[PDB]
Amino acid sequence: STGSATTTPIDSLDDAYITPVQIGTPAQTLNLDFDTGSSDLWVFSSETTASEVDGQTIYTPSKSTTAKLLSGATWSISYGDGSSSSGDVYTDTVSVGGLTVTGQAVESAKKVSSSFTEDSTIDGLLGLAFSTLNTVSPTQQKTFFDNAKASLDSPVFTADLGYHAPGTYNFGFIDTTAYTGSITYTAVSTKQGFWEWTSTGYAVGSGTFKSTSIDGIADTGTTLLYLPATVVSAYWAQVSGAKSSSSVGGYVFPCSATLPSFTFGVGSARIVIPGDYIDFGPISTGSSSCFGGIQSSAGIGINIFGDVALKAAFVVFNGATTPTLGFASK
Ligand SMILES: c1cc2c(cc1CNC1CCCC1)OCO2
């Protein structure tokens with residue numbers, strides 16, 4: 001089997017991407033944030049504290065003939081930005097782009113933090129990291145991909161995120177029309193539960209390539225590219241007026257600037273992130289200070305190849321017995 005679904009930026013900055021997901025019988029379609037950096041499929045629901053719901057579409061298990069309470073199961077998760085959610089668990093039928101999993105754990109939110117309440121466009125998250133990170137207790141649950149894998153034509157999914165435009169998540173096949181050149185594959189460590197890999201280096205603009213190992217995670221659920229302070233300083237040093245602002249919370253730059261590209265290595269291959277991709281616009285409405293799309297990972301504990309990086313590539317998440325990651329230009 002295979003599945004194919006369009007993923008759409010939630011706003012003009014590509015702050016995140018939402019993908020329609022069918023849950024239950026008859027189908028209830030919710031727009032979820034596919035997150036390769038976590039392993040819980042959770043949704044706004046009829047159980048979510050009413051004051052914490054603000055425009056989202058909710059899952060109502062009592063209206064689904066295939067929903068079953070997973071008795072005794074609870075979940076609670078915190079993300080890298082300090083956001084959080086928690087609740088109880090149902091199993092139900094979940095379909096993405098024509099690919100159906102029965103008995104998928106659908107984690108129903110009773111509580112969500114303010115940042116989720118404030119994102120009216122995100123009805124929940126669909127985790128695509130390794131199931132070892134799933135937070136359901138006392139019986140850990142499998143991701144949608146993990147449940148689907150054995151039935152897929154090939155045990156893979158691909159992320160093809162657009163810049164200021166829709167893109168595609170495919171399950172079970174590689175669309176050879178969706179990228180240019182060849183796909184370069186690179187080793188993955190699953191020891192921390194992430195799609196963790198080592199980049200072979202970087203370049204800033206037309207500058208020479210610096211060969212250096214950068215260990216990080218491929219995370220579709222993180223907006224920006226978070227890299228070591230040395231690398232990030234080298235990038236922003238090429239932008240007149242750019243500076244790290246503690247009050248704003250990262251590098252900012254004059255909105256009048258033309259940003260250089262940033263290249264990252266994947267083995268001997270190179271993925272080029274155009275300068276425009278690194279512009280996250282005014283820090284506040286009407287400001288001439290703009291927020292940078294490449295930021296230091298120093299306060300995070302891990303480097304993160306988030307959407308800014310991934311949207312410059314066609315990315316293969318290969319879930320074979322020994323997982324790997326593939327990157328192609330497009
Ligand atoms: C918070 C934490 C997350 C997440 C999504 C959220 C929701 N607010 C984000 C801010 C920009 C838009 C989405 O996906 C993984 O970790």
Side-chain angles (χ1 to χ4, degrees), residues 1-7 17-47 57-62 64-67 69-75 77 85 87-109 122-137 139-141 143-148 150-160 168-175 190 193 195 220-221 316-321 323:
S1 65
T2 64
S4 182
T6 296
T7 192
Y17 297 79
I18 49 170
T19 310
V21 176
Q22 282 71 48
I23 309 178
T25 309
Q28 300 180 39
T29 299
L30 273 67
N31 296 327
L32 306 186
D33 184 349
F34 285 21
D35 179 17
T36 63
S38 71
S39 306
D40 287 51
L41 193 175
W42 75 261
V43 298
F44 278 80
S45 75
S46 55
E47 300 178 331
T57 295
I58 62 169
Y59 168 58
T60 303
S62 67
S64 179
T65 61
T66 42
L69 179 72
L70 185 63
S71 182
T74 57
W75 63 279
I77 191 161
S85 51
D88 55 18
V89 189
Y90 292 83
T91 59
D92 210 338
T93 301
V94 170
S95 301
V96 177
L99 169 67
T100 300
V101 167
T102 58
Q104 174 64 44
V106 176
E107 301 171 34
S108 170
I122 296 172
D123 300 327
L125 266 63
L126 191 149
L128 293 167
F130 294 89
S131 295
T132 52
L133 292 182
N134 176 267
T135 77
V136 178
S137 179
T139 307
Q140 187 171 66
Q141 300 294 306
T143 70
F144 175 80
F145 179 54
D146 205 347
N147 283 322
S151 304
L152 294 177
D153 290 0
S154 182
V156 304
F157 68 91
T158 66
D160 181 9
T168 306
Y169 280 102
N170 291 328
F171 293 83
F173 74 105
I174 290 167
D175 182 355
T190 62
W195 293 92
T220 57
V316 181
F317 295 78
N318 171 26
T321 301

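In what follows, residues are counted from 1 in the order of the sequence shown. When reading the values below, keep in mind they use all heavy atoms of this one structure, side chains included, and skip hydrogens, waters and symmetry mates.
Contact annotation: the side chain of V21 never approaches that of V43 to less than 4.5 Å [non-hydrogen atoms, C-beta and beyond]. Between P323 and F130, some side-chain heavy-atom pair lies under the 4.5 Å cut-off. Looking only at side-chain heavy atoms (C-beta outward), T158 and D175 stay at 4.5 Å or farther from each other. Side-chain contact between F171 and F173 is absent, with no heavy-atom pair separated by less than 4.5 Å.
Closest heavy-atom contact between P61 and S46: CD-OG, 3.5 Å. Here the closest heavy-atom approach between residue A320 and residue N318 is recorded as N-OD1, 3.1 Å. Pairing each heavy atom of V136 with each of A73, the nearest pair is CG1-CB, 3.8 Å. Nearest heavy atom pair, residue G193 against residue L133, reads O-CD1, 3.5 Å. The shortest heavy-atom contact between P20 and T29 is CB-CG2, 3.9 Å.
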Checking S62 against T60 for the side-chain hydrogen bond (donor to acceptor under 3.5 Å, both in side chains) test, could you report, in this order, the C-alpha distance in whole Å, the side-chain angles of both residues, the deciding distance, and whether it holds?
CA-CA 6 Å; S62 67; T60 303; 5.8 Å; no
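Side-chain atoms of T220 come within 3.5 Å of backbone atoms of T36 as a donor-acceptor pair (strictly under, hydrogens ignored). Within the 3.5 Å criterion, the main-chain N or O of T132 finds a donor-acceptor partner in the side chain of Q140. Of the possible polar contacts, none joining the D92 side chain to the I23 backbone as a donor-acceptor pair under 3.5 Å is found. Checking side-chain atoms of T66 against main-chain N and O of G24 turns up no donor-acceptor pair under 3.5 Å. Side-chain atoms of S95 do not come within 3.5 Å of backbone N or O of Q22 as any donor-acceptor pair. A side-chain donor-acceptor contact under 3.5 Å links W75 to the backbone of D88. Between the side chain of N134 and the backbone N or O of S39 there is at least one donor-acceptor pair closer than 3.5 Å. A donor-acceptor pair is defined here as one N or O able to donate and one able to accept, closer than 3.5 Å; such a pair exists between the side chain of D153 and the backbone of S1.
In this structure, OH on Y90 lies 7.5 Å from OG on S45, to the nearest 0.5 angstrom. Note that the CD atom of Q28 and the OG1 atom of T93 stand 11.5 Å from one another [nearest 0.5 Å]. Between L128 atom CG and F317 atom CZ the span is 8.0 Å, to the nearest 0.5 Å. Between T7 atom OG1 and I18 atom CD1 the span is 7.5 Å, to the nearest 0.5 Å. To the nearest 0.5 Å, atoms CG (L152) and CG (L99) are separated by 5.5 Å.
In this structure, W195 and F145 have tilted ring planes: the angle between them lies in the 30° to 60° band.
Remark: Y169 engages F34 in a ring-ring contact (aromatic ring centres under 6.0 Å, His included) (not counting sequence neighbours). Every residue meeting the side chain to side chain donor-acceptor pair (under 3.5 Å) condition with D35, not counting sequence neighbours, appears here in chain and number order: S38. Qualifying side chain to side chain contact (heavy atoms under 4.5 Å, CB included) partners for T57, counting only residues two or more places apart in sequence or in other chains: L30, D123.
Exactly one of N147, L70, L41 qualifies for a side chain to side chain contact (heavy atoms under 4.5 Å, CB included) with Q141. That residue is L70.
No hydrogens or angles considered: a donor-acceptor pair under 3.5 Å links the side chains of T135 and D40.
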